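Here the Cβ is made from the backbone with ideal geometry for all residues, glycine too, and neighbour counts use every protein chain on show. Any read-out appearing in this document is the output of simple, stated calculations on the displayed coordinates, not a laboratory observation.
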Amino acid sequence: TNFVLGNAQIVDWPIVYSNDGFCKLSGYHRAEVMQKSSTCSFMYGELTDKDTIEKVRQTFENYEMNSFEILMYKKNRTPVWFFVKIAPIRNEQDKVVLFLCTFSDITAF
């Protein structure tokens, strides 16, 4: 799969890790997404749905699990219709410490 891990306890939920799948899909080197928002807002465009952008943030703000279909752009500006799954990860105290964010290209051929 293609995913990144965001720190749930820090503002903007900065990326602490991204796998090779994400780097190949997004076009960004792993070093280039480190500490970038886990919402992947750095990949949004003017055409990205404003309402969905808000719902995504709300999912993080509320430490909840949810999925969304959203338009984002690869580094070279290629438009991609993404399916994004946001899943919180908890510690012993059952406190959300990380967000596992998985991305899939669901653009029709």
Potential extension, residue 97-residue 78 segment - 0.36 nm per residue separation minus Cα distance: 3.6 nm
Of 78, 52, 39, the one that fluctuates the most in a GNM where the chain has Cα springs shorter than 10 Å: 78
Selection from 71, 29, 97 lying farthest towards where the dipole of the chain points positive, charges on Cβ: 29
Around residue 49: net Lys/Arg minus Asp/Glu count, Cβ-Cβ under 15 Å: -1
Nearest-20 debye value, the chain charge dipole, Cβ charges on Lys, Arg, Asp, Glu: 320
Nitroxide proxy distance, nm - points 7 Å out along Cα→Cβ at residue 87 and residue 17: 1.4
0 to 90° range, to nearest 10: angle between helix 50-61 axis and the chain longest Cα axis: 20
Most mobile listed residue (79, 88, 14) in the chain, GNM with C-alpha springs under 10 Å: 79
Cα-projected label distance for residue 24 with residue 69, points at 7 Å along beta-carbon direction, nm: 2.5
